[PDB]
Amino acid sequence: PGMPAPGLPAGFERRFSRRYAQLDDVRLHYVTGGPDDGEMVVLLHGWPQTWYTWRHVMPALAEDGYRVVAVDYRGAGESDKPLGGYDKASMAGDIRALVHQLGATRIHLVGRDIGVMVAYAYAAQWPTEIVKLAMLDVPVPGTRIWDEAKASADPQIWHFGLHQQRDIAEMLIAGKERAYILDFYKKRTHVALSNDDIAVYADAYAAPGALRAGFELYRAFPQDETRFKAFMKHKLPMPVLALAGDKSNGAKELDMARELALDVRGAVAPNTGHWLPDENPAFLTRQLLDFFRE
Amino acid sequence: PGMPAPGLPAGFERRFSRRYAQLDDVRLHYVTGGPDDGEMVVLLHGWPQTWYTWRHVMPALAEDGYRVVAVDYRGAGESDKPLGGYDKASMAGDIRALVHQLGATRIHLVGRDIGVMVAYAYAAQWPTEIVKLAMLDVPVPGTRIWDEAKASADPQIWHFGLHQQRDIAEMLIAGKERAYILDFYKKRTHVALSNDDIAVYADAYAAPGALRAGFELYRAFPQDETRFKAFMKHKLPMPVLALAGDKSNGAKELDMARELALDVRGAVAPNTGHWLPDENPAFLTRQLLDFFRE
Amino acid sequence: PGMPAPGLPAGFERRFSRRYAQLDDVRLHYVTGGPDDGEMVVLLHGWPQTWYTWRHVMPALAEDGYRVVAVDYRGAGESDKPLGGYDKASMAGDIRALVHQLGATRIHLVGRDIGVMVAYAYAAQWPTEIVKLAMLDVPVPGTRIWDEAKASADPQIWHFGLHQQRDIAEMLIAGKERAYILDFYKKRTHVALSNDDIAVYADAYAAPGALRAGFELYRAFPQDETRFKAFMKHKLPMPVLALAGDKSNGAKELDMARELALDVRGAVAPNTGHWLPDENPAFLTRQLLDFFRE
Amino acid sequence: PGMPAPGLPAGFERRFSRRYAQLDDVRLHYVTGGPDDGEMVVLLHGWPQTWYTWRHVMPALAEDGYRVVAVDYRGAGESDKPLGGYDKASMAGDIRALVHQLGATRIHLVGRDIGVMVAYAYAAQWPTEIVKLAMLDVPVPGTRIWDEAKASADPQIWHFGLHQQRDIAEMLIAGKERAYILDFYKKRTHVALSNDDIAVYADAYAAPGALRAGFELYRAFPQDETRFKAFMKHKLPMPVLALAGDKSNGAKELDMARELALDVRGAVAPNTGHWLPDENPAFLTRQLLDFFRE
Amino acid sequence: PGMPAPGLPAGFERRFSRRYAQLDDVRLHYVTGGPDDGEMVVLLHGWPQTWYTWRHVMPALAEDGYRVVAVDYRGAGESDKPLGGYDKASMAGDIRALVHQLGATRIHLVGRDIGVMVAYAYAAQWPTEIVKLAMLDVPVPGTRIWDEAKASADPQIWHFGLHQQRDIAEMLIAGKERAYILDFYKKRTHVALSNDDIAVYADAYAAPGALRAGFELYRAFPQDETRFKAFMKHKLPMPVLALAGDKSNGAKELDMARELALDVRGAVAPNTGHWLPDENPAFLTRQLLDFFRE
Amino acid sequence: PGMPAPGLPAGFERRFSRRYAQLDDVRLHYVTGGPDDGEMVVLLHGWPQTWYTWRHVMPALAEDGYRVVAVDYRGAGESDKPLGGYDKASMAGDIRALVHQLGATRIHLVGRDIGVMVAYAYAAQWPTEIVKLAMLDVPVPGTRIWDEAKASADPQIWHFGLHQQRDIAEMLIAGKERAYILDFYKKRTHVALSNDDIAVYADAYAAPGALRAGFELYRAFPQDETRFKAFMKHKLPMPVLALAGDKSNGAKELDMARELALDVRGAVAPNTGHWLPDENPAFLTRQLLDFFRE
């Protein structure tokens, strides 16, 4: 029993900090906590999200001694909104430059949606640098699960077309970010979420340039498909964990991951929709802690 | 003495949960609490309301051992907004499918306004399934009390015309839901309500499709009148309780119910307007608990 | 054959003029032409209209030697929008003050919709001053045709309720006058009209105070119903002509007038909707000229 | 020392209640507390205010055993917004009908701004019914202090012209109530107020009809001047207290009151602007308690 | 050589008329000309269009002795916007009811885009009533050309997804009809069109309910695909003409029609985009006249 | 007889030109025609106007051999909107700089409203440079007619207060220039004007800075009153003509001018309101030509 409880979990404000990393062109925002010497765990959100999606996962990771780094990737949240560089492979390079600036090289990596595309491109480009990789909720371009949704005209990716209309998508949705993003979020959730938590994301995407930069991730999709099919000719060597909720992609996340990697295990969260960190963080953290210590 | 106190009563968040039920086409949102094995009590709001109207009635019901289920019916609150199915008889079928999915068959049923129309159609269609039925605040289509308001051009149903103008009602009221619904609410209340509580409803009706779906309930009224007069040829067998406030429909709710059912008792809430759950929940819960245990 | 031709008929601008008349507490705008000494013919529009509705009738009246006076009544068009005086009997006093100010006493009088209510209250209050009375399109309060529409809850008067909600009607429709009024107009026409001509009306009602003043005509209906029923105990002595289109009120305009007057004749315009001067001015003009010279 | 503290004082919510009084046409909202048998004290706000302006005065009055009744007069706050009746003498009749419905006859009366006009008209019309009258902040129509501001074109009454423009004032200020009313308030205050408290008023005047009804008080001013000069031919018999802040009308409030009444005492609040209940409630309550018990 | 010439061709206004036809539950608007006894030719527009798209084709048809009937189908232009009936087969029933109401039985039938789907469902349901059928610009559901576009995720149907999001599409595009529709139109044209002519379409879709009604055409596509595949088991017996521009669907219009009909001929307009009646009416008119007299 | 004819008179476009003059800190826009060597006649508009108000007077002046110069003064029309210099005496310096820049020294000078204040300050500062002075419609600060209007609180200057509220006036009226200015204009006219002509003025004041610059004319009134009273100790020596309409200031324009000048003649236009050049240019033109050649 219990009504949705919005906001950061108790004690969060004391153990995490907001920080910036200046890369060559772009400044990235991220939130970090946990032991300065711990194994680094990087968490990458998707669309329409920010670092905030991980709020209920980050304390448990830090309390198990991980150095937690939750990044607003290029164009999202409080990060800069540059003109280009929104293909996932180049965005993986942004994350890597941030990791190196923090003194790390080998990391654990967790991604969902656009972030799982970024994460995969990070592992394909620098396989020796990713100790373990966890893949949540969405398939990556290049996979058959991806191609099947496209050829089916799957209802839950209806928005790819709209988002790929340069200037038209921005003109339609500017000023209506909250109504658009709340509707998007609730149609894919199964666990009841708080409007206040979803509004944290929506307000981020109403900031100047946030809509455009979010949509350019979609507009780079055909480039990602080409780049990713090339990546897929070399299966990933490191252990991979695939998770998704049963009301959304479910077992297809693990099907998808097996086309990508040699060493794969997976699970399906019960009574959970599209937003694993929002909807079922308890299941997510237990799976990650067992995976990372294994 | 006491100024209006907005929000959920103390302790509510701990004993109730928000949940979804997927029916064949439509997903319905509801809030539930109380013993899992208790006799189920279903509560149906009206226009412009959500489950939230019952917030002060639900804890007392659960504490007397009832399994409380307060539903956002088709098109309202956090439920889906489909193209059609807004005649009350079909909406009663939605509620019944939800009840069956929760493992129940025989229920106690409470409705107000549009919800009392839905509730009545539930009892007329499946009379053996409704153990007791409580009817609040508004008469149902087909009754003489209903027809008399229409032929009188009663001032408090001036909005039937406007709401029945497809697209015109939405175009006029979109963007002004809060000013429109607050004015609507306060003109029919007698006990002073908090603007914050009324704004919970208004914000629900500003969500995409909520205005249209709310208005299609009105646009189905001529169909309901025909269906309901057919229902009324067989009087209801189960005990029925009729309640309304003295500043609004008052004793006419009990007059109305006697055309519908054989076994009827009623009361009039003192110094109470149109919104019995908002205005006088203490009177309402005492009447319901005496009725349900009798 | 022929597409709708917007604007004033050829040669109108040269033969008619716009003028203002300052009365005690209202300035009225009116348009006039024809011989300065001719028998005066006064034409009264309704809602949502101005004098401009008579554009196709006025030249023929003037060319037959009548002094044509087309009035924007209190609150409409370019007339003033005072605080009160929107009961039809008091508005008929405005028209009389204007007629007297122009040097005339006996008039021929033509009204439609709200203007036919004003016209009737003019004839009832000063019967010796009305030579002949023509009644178009809409029944007047107090008649059985009026009372039946309300008790039937006739769909074509759905807007009475909305218009009687003070401040609520203005707030909903302000800024949407064109969309509101063009939809209202086209739903009641049968002859295709030009959007440019309907936009002349719509733009008049967007001017400061024009919505309020128009709606106050509706808000005075219960006062009008009481007053007119008293007028109706004395049937009018002067000749009366009743006209309406077959796609709208048709023969009921003549039924209604026979309750008001002793000397009544009528006709029904074929393939004509609610707006006789806009839709079929040729039929109207022939009827008015035959009646006036008879 | 101390930053402005917004909101109701501690303990207010427990000892006061919001209630309605239905008069013949109009429903008035008021807030009341204190002993049911105590001498009644009625408090009348001005423009742009509601009962809320008295929040810091009402507890001290109740704790000295007064039955406190703070009214939203006709058109303001949560009261109805009728078509007319905004001349102060008729508004005094509304307050008297409310007082009688509460079982009282003899009262103490406090008014400021428009409310002090209402209060004075109450005392002039029913002098035996007003035990003591306190007059704050603004002079009443008919006085020389009033006429001198008008002939001077005093800057702080620049808005009389604008407010007296029917429909133009509403069209300019609708949607900008908060910016307009905050600017109005701060330009006349001397003690720093909280924006949150001023926003309580501004939001009240953005409700449907609140702007129009507020402005009709100004539009009745020429009628009030005539009525009030007639009232002034009979000086008031009961004791009168005149108060104002030194940064605003100051000693002119007592000058003004001496043209109205025979038995007059006054004081000037130090370092206090136009809004005595908002700015210096401590000075105000001490003056009222000494006056009422004297 | 020549700049775009906006508006109706010279002499059109005199030879054609706008009319309404009241059917059971829909009033349809249409434009007609030519001899009252000529063989009837019905022209059906698509999205986002009205009858006005045929402006340059209708005079030549009438001058060759055809009775021209250009229909605004259910929900479009000046026609009514009912709640349902937007599956193409049911809309073909509207067109037939109109044809019969005009005294005709056998017709020549021309459609493009949504209108070519309606036209096909008309010929499939009542084949003996269609003398000849001309199919322009767009393939119909159920054909291989239609199925390939969806499985390819063809860029030029990106909007199907958005248009199928009920309430979301309306909320995003309301108030932006002109910018949305002019961009949509120009991206698919090859001949330069006048903004004034495209604005005729855009303004029609800004009218109350026009966005909803248009999008409901898209929302019925899965129902249409099922129905049309059943129609396609019986190839049409009457002669069929297929036309499309070379910069858009080109020869695929004839490929598609040979899957639907036994007797098919076609041509491809040179240097012509998606909008044959707007871009190259001279080519279209010659093709239609040669086909009709053959 | 005749309906309002909007626009420039026939043949105007060919005989007059728009030009700019760069002065030290302001660029002024003006319209000129007539013989390059003729005696110069300068025409100065008021609020809310531009040079366009003289459209019907300028051709007759030019055809009589005058060099016509109609100026948009500092801040108005197409002139610059600098930060200051809106006291009339300094603005008269702008006009003189322009006259000298055009090669002239002695001028005939015509002003109405704000332009008649500028014109008077021009004649008072450089009396030998003004051959004859014509004063229209409005009294100037410092005169008894001006002082009486303020002390009477004359209704027709209600807007002085609003216009003097810096930033508040701009915020309220921005975006509502057309509705604000058309209402202002029509309340002071007696001859019916075309909305299209008043909209020329209204659109000029919607341009960036035009509201501020116009209101700064009002905000300088107390500076103007002081300066003009000093000018008035020396009555003007050159011949003066005073004109105004009988429905507005009438004979008071001549009363006012006799306080300013020794050699004064005047006339009152019959059935003419506040806007002499718009309402009765024929009367104005005859008066100006007889005066100039006398």
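Read from first to last, the chains carry the letters A, B, C, D, E and F; within each, the first residue is number 1.
The rule is short, and it goes like this: a contact is a pair of C-beta atoms (placed from the backbone, for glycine too) under 8 Å apart; a residue touches a chain by one contact, two chains touch by 3 or more.
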item: More contacts between chains, A-E or C-F; value: A-E
item: Selected from B-D, B-C or B-E, interface repeating A-B by over half of its contact pairs; value: B-D
item: Whole-Å gap separating chain D and chain F, where each centre is the average of the chain's CA atoms; value: 44
item: Distance from the mean Cα position of chain F to that of chain B, given in whole angstrom; value: 66
item: Contacts with 2+ other chains: residues of chain D; value: 168, 171, 208
item: Chain B partner contacts - residues on chain E that touch it in the complex; value: 81-84, 166-168, 171, 174, 208-209, 212, 216, 219
item: Touching residues (chain side chain F, partner chain D) in the complex; value: 150-151, 153, 157-162, 164-165, 168, 171-173, 176, 179-180, 183
item: Chain D-touching residues of chain B, taken from the complex the two chains share; value: 1-5, 179, 182-183, 186, 190, 192
item: Interface residues, chain E side, partner chain C - complex; value: 8, 12-20, 29, 33, 78, 206-208
